[PDB]
Every structure is written in structure tokens, then in C-alpha cells.
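Have a look at the structure below before the remarks.
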Amino acid sequence: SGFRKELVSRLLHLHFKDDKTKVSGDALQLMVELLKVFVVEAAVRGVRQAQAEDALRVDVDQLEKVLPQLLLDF
Amino acid sequence: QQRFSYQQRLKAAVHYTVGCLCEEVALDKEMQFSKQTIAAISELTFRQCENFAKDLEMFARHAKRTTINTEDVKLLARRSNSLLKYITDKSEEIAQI
Amino acid sequence: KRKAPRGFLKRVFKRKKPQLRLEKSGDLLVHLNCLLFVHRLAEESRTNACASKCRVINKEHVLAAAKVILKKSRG
Amino acid sequence: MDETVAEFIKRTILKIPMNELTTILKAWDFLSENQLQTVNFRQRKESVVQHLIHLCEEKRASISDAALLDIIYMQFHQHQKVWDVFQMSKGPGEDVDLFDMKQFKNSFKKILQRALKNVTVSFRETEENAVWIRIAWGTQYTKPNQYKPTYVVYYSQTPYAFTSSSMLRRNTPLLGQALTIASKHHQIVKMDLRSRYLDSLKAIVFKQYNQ
Amino acid sequence: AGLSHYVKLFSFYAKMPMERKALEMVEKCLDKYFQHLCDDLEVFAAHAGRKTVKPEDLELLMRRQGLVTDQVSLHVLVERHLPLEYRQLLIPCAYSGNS
Amino acid sequence: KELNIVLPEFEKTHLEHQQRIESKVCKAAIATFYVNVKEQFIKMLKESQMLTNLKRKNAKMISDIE
Amino acid sequence: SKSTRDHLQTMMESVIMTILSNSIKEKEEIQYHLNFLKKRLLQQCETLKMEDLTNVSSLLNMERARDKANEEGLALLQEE
């Protein structure tokens, strides 16, 4: 289905360096949108490089190969 | 002690939900996400959400503000034109809610 | 070479965008932007030329260098 | 446009000096007359070795003529990789009435891939009637090693077949073995002429030096 | 012009010989860099609410490249690359009249 | 050789931890971790089988040569 | 074989990851289990590649498949 409100209500607030800075519910659901599509695009990029190697399984090595671009534009 | 007790529960939550999303995408493209694959993709999502947290606070700081507005996450979608056009209509959907 | 151009940077900024007000020393800061851009491009071109083990920088290395550097240097 | 094929072509192109680019590249016929004008030969080395390799990227180069390019390179650089000279000897009887180039290229490749199953044997029948074989060796466990091939200049109907003394592996008794089976001979004998000048070995063995 | 000066900088920043047709490709690479810098600056300033772009709108874009960090602040990078008079105008020195 | 002793050492640890177990769900989590350790020991045994198969290939790299 | 056992700790930490995903209602219990897992680390690392071993083991597996192909080839050709 997707990321939940209780999930991103704690995950994003873990790393915040100030205790008084929060994320609103309408913005929290957009964090849901972008973190869901984060897995979605990471998965489709991995599937696409697997298709470039014409493979049925995606492994750790191709993910490490795309990281220099995965963290780069996405 | 707080580091372990925190990051354990956060990556456990995100990996639970991305396991749900892996069963969700595995039926879209009829592929199978291996255990090492889901573990790697969840940890990549986590280490990138690290930069997301580094990002959004300074994005508010840039416009002299503390809270996170929809423009702060709009510049999050600015990173690529594809997810620009995506998160635009998803933000219109959020406004629909 | 120890140089930094005032005029051409502002002309490029005006040509690419007719609506901006680059401040008195903002030209200086965009020149630093491109300084660090070209530094990153030079070093990563050395890197990917070592990946191809070519002793002279060529078109194929810098073409791959563009899609990485200008993509992370993008905001 | 393959693995150890485009790279092998690149590695054998810069070996040749700047003067003989056209002379060597006209021979292997991958670059038709139209393709020669696209690459400017006179600027630099790394520019020509990059545009020439691109011209076979679009031509979908294969090892079969990638080895052939090395063959024409060696025909203008036969004065390196000091040559052995093998001497065949039939028994009593008539000559080889059927030394077909097709049959010889078949009867050498068949016997060489019978045991050395992973080799890229590439013949180039020269105009002086001297089949210029080049064998990229390698056992069945490994891919054919094009780094150090063993060129064999078998003069077509002659008992003598010069061989580049590259490594002298366990293949040198099989190199003569397939050479004496493809050419319908019976015995292979290294006559013990080991000189680096192939055009000088050819005169000595055939007694063509003072005639 | 500016791109021509920049590829001249590329000669002493790559420290290894180049080709003219390759520097003509670095020309379009620099133009392609600016075609992103000018409309990334516009949006970073528009979120800031200013039709002009100020220095702090550009240290944020620096953070977007990520070459400025908590260890290497904005004022650090100007030190390593720009000359003395070209660096006097960005970072505030102190004469009781800090720039 | 050493893998047989390593498997026993790993198996004794699961029982040592289960002696200090507190809840039934914790026992299930420990059993799952023991199954994961069995999978890791199977990976180690696969490494040993890979060494044996490499020895066979070395014999197969000489039988073919012979 | 140290980095091998830190990669071991990585993969049974992925097992930790999944059990914690299904067992989020055991936070203190699984934290104790985590301390005991660091204890397992300290216990077998002292006494005594994997991804590379797996990949090269498979690679040598089809290499030896190609090898038994060369064996049936050479043996049958020698037999004929």
C-alpha cells in the first residue's frame, strides 16, 4: 500500500536536529508520496539495469553500481 | 544506547513498510525482490532520508522559517523533472484531501 | 592562470534569464559556483579516465562526466 | 563491438606507426573507401585509435577479422617475434593433389579445435602463395588468448611452415600436429632455423637467396 | 568569453593535455551547467521571496551540490579558489567595518 | 574439519541464549535467529563445497590437459 | 576473515531487521536479543569473503560445467 502516517511521523522526526521543528500532516502525506516513490524509482532503476543485463534477479552489485547516480539525481 | 534503540525501530518500521511495497511492486512487474535486495533498498531509502532530513530544515532556514511548507517539499520535487510532474499532481491530490 | 571574469558571467546570467538581479558580489559567488563545478569535473574526469586507463582526457570520458557532475551540481 | 574484440582492435591499432595507418587498414576491408574519409589520420594517435574503433563499433567487429588485422600488422612487422621453421615430410607417394584453401582452412581449424577447443584461428591467404595463419591459443578452461598469438606462415604447397616462436607451450607439438594433418603431410620437424627476419628465412629454406 | 576563460582554467585544473574539439564540447557543457544554474537560482530565490538573488541563496545551492558541508563552510570554499581581492568582497573581514 | 566444530559452537550459543530467555515470542525470535545462523553455516558449508569443487576443477584442469 | 564476519553481522542484522519488522511489539526484548547478538559476534569472531565466495563459486560452477563439456569432448574425441 504505502508508507503510513505513524511511520513517517517518527522516521523523519528522528534525524531533526531541533526538537521544535515538525512536519504537518498535509506535508507528512507528501513525505509519504515521495518516500513511497523513492522505493518505486529505486526499484524501477534496479529493474532497468537488470534488464540491461537481462536478469531475473536484482543483486547488491548493480544497486551499488547505480548508487553514484541513485543518490545523485534521486 | 539511544542510537541503537532508535535506529533499530526506525529501520524496522521502514523495512516493514517497504517489504509491503516490495510485494506491491513485485506484482506490477512480475519480479521477485530477494531478501538481500529488500534489505539493501530499505537501507538505501534510510541513508537517503538522512539527506532528506538534512535538506528540509535548511530549506525552511533559507526562507527564514522553521516549519516545513509545501514549497519546501516542492523544491524536493525540483530534483528531477519526472518527479516534478509526479509530486505536482500528488500535491494537488493532497490538497484534494 | 589566476583570473575571474566580471562581465561575461553577468552577460551569461542575463542571456539565460532576463529576469534576475544578481547582486554587487553575486557575480563573484556564481563564479565560485562554476569554479567548484569545473574542479569537480576535472577531478571526476581524471577518475573516469583512470577507469578507462586513458592517459589523455577524451570525449567519451567527459560525456559520462557531464551526466554525473551537472546532475549532482544541479539544485 | 564485443569483449576482447574492440579492446583487442584498439590494442593492435596503436602498435602500428603513424605512417602505415592507411596501408594496413585498406587490407582488412572493414573500412570501405567511404569510411576512410570520416577518420582524419593526421592529427593524433589517441584520436585515430578512438574513431577507428568506432568505425568497427558501427561495423559490429568480430574476432574473426580482429585477428586478421593483427595478421596484416604482422605482415608489415614480421621482423619481430622470431620465427621458427617447421619442415613437413610426406612418405613415398604422389603429391598433395588437393590442397584446397577451403579444405586447408577447414582441416586446420577442425584439428586445432578438436583438442584446443577455444582458439580463434584466422587464415589470410597472401598473394605470394603463403597461407598466413594466426592462432590465438588458450585451453578449454580459458578463453582464446589474443594477447600473445602464434602466427604461422605455412607456404601453401611447401613442406615448410614458419611459426612465430612466441611461448613454445604444449601447443607447439599440436601446432605442428594440425599443420601436418591439414596439409596432407606425415611428419613435422622444426628444422632449427630460428631467425627474426621472416623474409630472410623464406630465402634460406627455399634456396631463393642467390637465384 | 567567460566559457573561454573557464576552459583556460580547465587546462590548469585538469593539469593534463586537452584537444580543441573536446574543449568546444566543454563549451556546451558549461552552457548546459548554466542553463541549470540560472533556473535553479531563480527558484531558490523565488522560495526566498526575492526577485533578486542574494549570497545566501547561493550557499544553499552550494549545499545542493554538496561540496559545502558542516566541515567545509561557505566561507571556506572561497578561500581555496578565489584570489585575495576576489575573496575580499564575499566573506566579511574585520576592520570594525566588516564587509 | 573446522566447520564441524564451528557448527557445534554456533548451536551451543542458541541453547545458552535460550536458557536466559524471558518470553515465548522471544523464544520464536531466537528460533528465527538460529535458523538464520543455520543458513549462514550453510553458506560456510557452501564455501567448503566450493573449495572442494575448485579442487575438482584443478584435477579437471589437469585431466583435460592430460 | 574479519570483514567476512562483519558481513555476517550485516546479514543476520537483516534477519534482525525482518524479525523486528514482525516483532515491533518486542522492543526491549529484541534489544536484549541484540545485545546477545553482539555477544555472539564477540564469541565466535574471537575463537574462529562471502559475497565474493558466492559469486566466484557460481562462476567456477559453470566453469566446471563447461569443463565437463570439454571432458566429454576430449574423451570422446580421443576414444574415436
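Line by line, the protein sequences are chains X, S, W, N, T, U and Q.
If you read the first sequence in PDB author numbering, its first letter stands for residue 8, the second for the next number, and so on.
If you read the second sequence in PDB author numbering, its first letter stands for residue 10, the second for the next number, and so on.
If you read the third sequence in PDB author numbering, its first letter stands for residue 14, the second for the next number, and so on.
If you read the fourth sequence in PDB author numbering, its first letter stands for residue 1, the second for the next number, and so on.
If you read the fifth sequence in PDB author numbering, its first letter stands for residue 458, the second for the next number, and so on.
If you read the sixth sequence in PDB author numbering, its first letter stands for residue 249, the second for the next number, and so on.
Residue numbering for the seventh sequence is 77 to 124, 130 to 161, as defined by PDB author numbering.
Ideal placement from N, C-alpha and C gives every residue a C-beta, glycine not left out.
- Within the stretch 141-185 of chain N, the runs of alpha helix (DSSP H) at least 4 residues long that lie entirely inside it are, in chain order, 172-182.
- If you draw a straight line from the Cα of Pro540(T) to the Cα of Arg70(S), it is about 30 Å long.
- Between the alpha carbons of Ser89(S) and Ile50(S) lies a gap of roughly 20 Å.
- Annotation for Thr120(N): the continuous beta strand (DSSP E) segment containing it runs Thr120 to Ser122.
- Your pair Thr163(N) and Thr150(N) checks out as a contact, with CB atoms roughly 7 Å apart and the cut at 8 Å.
- Pairing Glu7(N) with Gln50(N), the inter-Cα distance amounts to about 11 Å.
- Note that the C-beta distance between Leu21(X) and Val23(S) is not below 8 Å.
- Counted as a single uninterrupted DSSP element, the beta strand (DSSP E) harbouring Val131(N) occupies residues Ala130 to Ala136.
- Within the DSSP bridge table, the entry for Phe86(N) names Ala161(N) and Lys190(N) as partners.
- Using a 10 angstroms sphere on the CB of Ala479(T), the tally of other CB atoms reaches 16 or more, which defines it as buried.
- Per the coordinates, the alpha-carbon of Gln266(U) lies some 15 Å from the alpha-carbon of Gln107(Q).
- 8 Å or more divides the Cβ of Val500(T) from the Cβ of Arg34(W).
- Between the stretch 92-103 of chain Q and the stretch 17-36 of chain S there are three or more C-beta pairs closer than 8 Å, enough to call the two in contact.
- The Cβ atoms of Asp33(X) and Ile103(S) lie closer than 8 Å to each other.
- For the stretch 2-47 of chain N, the full-length alpha helix (DSSP H) segments reaching 4 residues or more read 6-13, 22-27 and 33-38 along the chain.
- DSSP, reduced to helix, strand and coil, places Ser43(S) outside both helices and strands of the structure shown, so it counts as coil.
- Under the 10 Å beta carbon count, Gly53(X) is surrounded by 16 or more other beta carbons and is classified as buried.
- Comparing alpha carbon positions, the residue from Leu22(W), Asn71(W) and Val25(W) closest to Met482(T) is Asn71(W).
- Interface residue (Cβ-Cβ distance to chain Q less than 8 Å): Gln11(S) is not classified as such.
- Per DSSP, the beta-bridge partners of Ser195(N) are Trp83(N).
- Exclusion of the five residues before and after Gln146(N) leaves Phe8 and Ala136 as the residues of its chain whose Cβ lies within less than 6 Å of its Cβ.
- Using a 10 angstroms sphere on the CB of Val152(N), the tally of other CB atoms reaches 16 or more, which defines it as buried.
- The C-beta of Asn252(U) has fewer than 16 other C-beta atoms within 10 Å across all chains shown, which makes the residue exposed.
- Contact between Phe41(N) and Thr22(N) holds, since their C-beta atoms are separated by about 7 Å, short of 8 Å.
- Contact between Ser91(S) and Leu37(X) does not hold, since their C-beta atoms are separated by about 16 Å, which reaches or exceeds 8 Å.
- The beta carbon of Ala78(W) lies closer than 7 Å to those of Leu54, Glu57, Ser58 and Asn61 in the same chain, with the five residues before and after it left out.
- Look at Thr280(U) here: in three-state DSSP terms it is helix.
- The residue from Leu157(Q), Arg116(Q) and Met88(Q) with its alpha-carbon nearest to that of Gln45(S) is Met88(Q).
- Bridge pairing for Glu125(N): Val131(N) [DSSP].
- Legend: CB atoms of the stretch 140-153 of chain N lying less than 7 Å from CB atoms of chain U belong to residues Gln140 and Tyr141.
- Against chain W, the CB of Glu46(N) has a partner CB under 8 Å away; the residue lies at that interface.
- Contact between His538(T) and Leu22(W) is absent: CB atoms are separated by about 15 Å, not below the 8 Å threshold.
- Here the stretch 175-185 of chain N makes contact with the stretch 82-99 of chain N; the two share three or more CB pairs at distances below 8 Å.
- For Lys110(N), no chain Q residue has a Cβ inside 8 Å of its Cβ, as the nearest lies near 11 Å away.
- At a Cβ-Cβ threshold of 8 Å, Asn306(U) and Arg145(Q) do not count as neighbours.
- With contacts defined by Cβ atoms closer than 8 Å, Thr135(Q) and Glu257(U) do not form a contacting pair.
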